[PDB]
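Encoded as structure tokens, the following chain is the form deposited in one PDB entry, with no partner shown.
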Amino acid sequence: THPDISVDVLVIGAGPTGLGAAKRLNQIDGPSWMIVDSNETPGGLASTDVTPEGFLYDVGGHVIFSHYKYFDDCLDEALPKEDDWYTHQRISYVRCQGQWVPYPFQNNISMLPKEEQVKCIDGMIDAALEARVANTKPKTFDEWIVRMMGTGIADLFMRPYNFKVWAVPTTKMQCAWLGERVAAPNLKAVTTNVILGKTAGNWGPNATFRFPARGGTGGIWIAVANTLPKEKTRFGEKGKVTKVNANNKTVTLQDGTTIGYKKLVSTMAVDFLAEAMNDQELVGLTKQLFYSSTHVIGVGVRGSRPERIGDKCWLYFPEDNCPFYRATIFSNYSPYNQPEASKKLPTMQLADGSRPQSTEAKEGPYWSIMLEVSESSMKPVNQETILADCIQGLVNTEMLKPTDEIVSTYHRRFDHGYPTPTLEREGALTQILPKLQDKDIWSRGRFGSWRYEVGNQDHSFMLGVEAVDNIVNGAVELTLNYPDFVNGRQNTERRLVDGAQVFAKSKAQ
């Protein structure tokens, strides 16, 4: 019984990964292919929501750094205008004891209370002397943190911050995900800055990342998707997969439609994939994995951008005076992420939670704040009070004066937000992925692979690109199995226009 549709390669999911596979599939333009997604808007969790008042909010951060030229070609194609991008300085600050400590944290303890400085330096001196002798590798994320920068810096930043991040204690996670690099501290660099009292960090003006002028991050994956042949695309309720028969290689859609495939590139969460296949073996193995939920809170506020935050990026918060682990002045990325000044809007509430004087609609200008909070069984989140608690924190950290007028609020909860690099992660993945692979199924992506190391928009995109390259050209899936390898090098070989397309085109001439 032949299916309704028959393609060589079927890509499920129109996120960075899905589009990655699709963009390479369409570049090779050889075997037949098709891409599906239950959402009519391509980009997935890399999209950009908007508020009724017109405030944009990235659901999945932004690419501050790409490791592949291929990824760059694909972005340059979608948004080819210099006016499509706003280059920004890669900045970073850590909120510690009423201080904005620039990245990296260690090289800036010179602006912490001197007593604290001592506890830190001593801690590193211990880590530096133990490293000089260390003959083993760290077993947990915790051990990895100590060895790298002593207990002192381990009690002020890393430990407490990484809990608010992964909602899981550092002792329950592996550390191989961080890289192959030796866990050894640099005393000279840290002591020097303390002595000179010198402060530094970020990078100027060389280290820069680009952000899309309009539409937020979602606009990027939208533009890319539009470079595809629309007949091969299938987005919306018509593209929602409900059943996956790995045995006869047939996918059933929600309406009932069935698609046959020779190779399957799945970018949905593997735990969902397992159920769609109804394989109690995979469902059992997938349950061994672990993830955290994330609350993306947004806050629009009237007035110009406060001097004390100026040029921006993200801010890390290791302390207790706030529920969020990181924040960001999203208004600093592009003026079009907010309504213009002329736009008039009523004030919903003040920063202290008080009532607005008047309900009248006053005009801008406007600036916007975006932040994130993690949820898991070890770190529960009150869905109702977390938005108000964030606004409180924004005040505690002195990012909002209680007299600040909030014009817009935002709050969405993502069940699958962070593929946790637990200690049991690989023990499970070393079974799951091979099994799926035996069924000619390439499960790749942030939750398709379940490896945070390669969950970035540039990594995920290449996962798809490489999964395909493997299926067709038998290319090695580097990013999937060797994160350190790709990260520690400039990947420039593969381009949007390889010698194949060059020769086939000059072939006509």
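Under this definition, the rigid core comprises the largest set of C-alpha atoms superposing within 1.5 Å between the forms. Numbering starts at 1 and runs along the sequence shown. Only residues modelled in both forms are compared.
Higher mean CA B-factor, judged across 250 to 258 and 431 to 439 from the recorded values: 250 to 258. The mean Cα B-factor in the deposited entry runs higher for 300 to 308 than for the other of 94 to 102 and 300 to 308. Among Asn206, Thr420, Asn107, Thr217, the highest C-alpha B-factor recorded in the PDB entry belongs to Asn206. Ranking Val36, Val454, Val472, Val59 by the C-alpha B-factor listed in the PDB entry places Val59 at the top. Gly43 sits in the middle third of its chain by CA B factor, as recorded in the PDB entry.
When the CA B factors of the chain's modelled residues are split into thirds, the value for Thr51 lands in the highest one. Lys344: CA B factor in the highest third of modelled residues in this chain (values from the PDB entry). Among all modelled residues in its chain, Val7 ranks in the middle third by Cα B-factor. Among the modelled residues of its chain, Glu77 has a C-alpha B-factor that falls in the middle third according to the deposited record.
Below, we turn to the form deposited in another entry, even though it does not appear here.
Taking the core as reference between this form and the one not shown, the lone member of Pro335, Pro402, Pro346, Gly179 whose Cα moves by 2 Å or more is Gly179. After superposing the rigid core, the Cα of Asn202 is displaced by 2 Å or more between this form and the one not shown. Distance between the C-alpha atoms of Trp166 and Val182: shorter in that other deposited form than here (change of 3 Å or more). Distance between the C-alpha atoms of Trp203 and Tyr336: longer in that other deposited form than here (change of 3 Å or more). Taking residues common to both forms and aligning the rigid core, Cα displacements of 2 Å or more over three or more consecutive positions between this form and the one not shown occur in 179 to 185, 202 to 207.
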